[PDB]
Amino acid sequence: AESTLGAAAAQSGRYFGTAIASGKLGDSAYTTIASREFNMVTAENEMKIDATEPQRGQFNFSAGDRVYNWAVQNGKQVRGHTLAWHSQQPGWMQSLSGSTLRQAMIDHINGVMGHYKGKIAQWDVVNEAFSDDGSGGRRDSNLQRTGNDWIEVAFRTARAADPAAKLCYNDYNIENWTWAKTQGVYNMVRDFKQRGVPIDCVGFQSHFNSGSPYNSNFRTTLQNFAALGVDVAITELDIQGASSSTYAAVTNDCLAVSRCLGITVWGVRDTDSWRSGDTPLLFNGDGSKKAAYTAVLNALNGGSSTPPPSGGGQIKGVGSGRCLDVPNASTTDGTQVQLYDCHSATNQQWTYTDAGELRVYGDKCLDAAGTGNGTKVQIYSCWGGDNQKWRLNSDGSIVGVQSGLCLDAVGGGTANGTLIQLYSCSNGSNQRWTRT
């Protein structure tokens, strides 16, 4: 299909998944969205070391299976996460070092993979093994201290435990090619392939923020790794601010690399995010689609053959030919917008921001004074409210994030002065627009 992320991704032979939290499965709003939009599931925490082996030699899959069972019942494949990692290790493992730890690591891999044998698409065998100090070397952890060959051992162990699973090395801050960490991981994967160490994929967490911003060279990074003869996957995608452009850019990078298996965003709603403060996901707390959601979907569907305007630009309604206009170039908050003959003027220059706003005059925002039909569409000081965020559908309609309603020309009017309101989307020509 082309209406849901999963189905859209499938159109390029890829999947689109999310991270599922078992404690949220009782939330109808949560499951409704999760089941509908994704065809791949990763347990956010239920398959980690502490959750699967709370005591040494004592495995527990109750939490993991709650996620797993839900995924299969809803037709989703599953990414196992994660088998060997310095973080979230149960206390009994944090106390280990040397050979004792090495064998515990091997035992854990066997126990967890054995339970899920033949049921997992991808396994993040080893997670975050490289340093984040900026050097490019191995992270100093109890695991790394058992010997530099611990990662290799983890992978060989995993291959034997379940030959049907794709074995991935997963890490963050390895998306920017210029970063030393990225290159350190490349060198390790290269070495592995050259010596025959079992490894089928590299997972790029993709936790983008102003500290580790997404960069266009992410595509070369993916290509570079793909060339090593391994698949690549965006595993824990979230973008601080959820820029619609960045989300589409990341999506297109993956679609540009044939080895990119798919994209998993780390969570369903911003409120479910481990970093909700950065509102980095595709759905907001209300369960409504954010501006970025539409951008990702449109990208998955191939995008549009109409390059979106770069800075400023009028918004012409197909049904009237006239442009979205602010009555007499007013700058008064609460001024309802109207349809007026297009012409070079600031009160007709609208900039669609990455946050989903339709700005005018530079700091005034298309604002909805309500969520129901007939709601007055006006201009108001930009503050980021969902009643100020809009989704630009490929069918030309402009939907309000908070209301889920379309920009509608009152009474279908097409003459100058016709006011703009919100109203259930109808596909009508008085609700379709074009950028110029």
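If you superpose the two forms and keep the largest set of C-alpha atoms that fall within 1.5 Å, you have the rigid core. So that there is no doubt, residue numbering starts at 1 and follows the sequence shown.
Student: 141-149 versus 115-123: which one's CA atoms end up farther from this form in 6 other deposited structures of this protein after a core fit?
Tutor: Between 115-123 and 141-149, the one lying farther away in 6 other deposited structures of this protein is 141-149.
Student: Going by root mean square C-alpha distance after a core fit, say whether 128-136 or 362-370 is farther from the shown form in 6 other deposited structures of this protein.
Tutor: More C-alpha displacement in 6 other deposited structures of this protein shows up in 128-136.
Student: Please confirm whether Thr306, modelled here, goes without coordinates in at least one third of the other compared entries that cover both its neighbours.
Tutor: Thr306: unmodelled in a third or more of the comparison entries.
Student: Tell me which stretch, 167-175 or 300-308, has the higher mean Cα B-factor listed in the entry.
Tutor: Mean C-alpha B-factor is greater for 300-308.
Student: Using only C-alpha atoms and the B-factors in the entry, which stretch averages higher, 346-354 or 92-100?
Tutor: The entry gives the higher C-alpha B-factor average to 346-354.
Student: Just to confirm, going by the entry's C-alpha B-factors, which of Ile33, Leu405, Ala51, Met40 comes out highest?
Tutor: So the option with the highest C-alpha B-factor is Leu405.
Student: Between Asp124, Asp200, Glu152, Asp286, which one tops the list for C-alpha B-factor in the PDB entry?
Tutor: Result of the comparison over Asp124, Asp200, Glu152, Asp286: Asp286.
Student: Splitting the chain's C-alpha B-factors into thirds, which one does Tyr340 fall into?
Tutor: Within its chain, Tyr340 is a highest-third residue by C-alpha B-factor, going by the deposited values.
Student: Against its chain's modelled residues, does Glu236's Cα B factor rank lowest, middle or highest third?
Tutor: Its C-alpha B-factor, which the entry lists for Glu236, ranks in the lowest third among residues of this chain.
Student: By the recorded C-alpha temperature factor, relative to the other modelled residues in its chain, which third is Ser62 in?
Tutor: Middle third by C-alpha B-factor.
Student: Please place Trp70 in the lowest, middle or highest third of its chain by C-alpha B factor as given in the entry.
Tutor: Answer is lowest: the recorded C-alpha B-factor places it there.
Student: Is the Cα B-factor recorded for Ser135 in the lowest, middle or highest third of its chain?
Tutor: For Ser135, whose C-alpha B-factor we compare with every modelled residue in the chain, the answer is the highest third.
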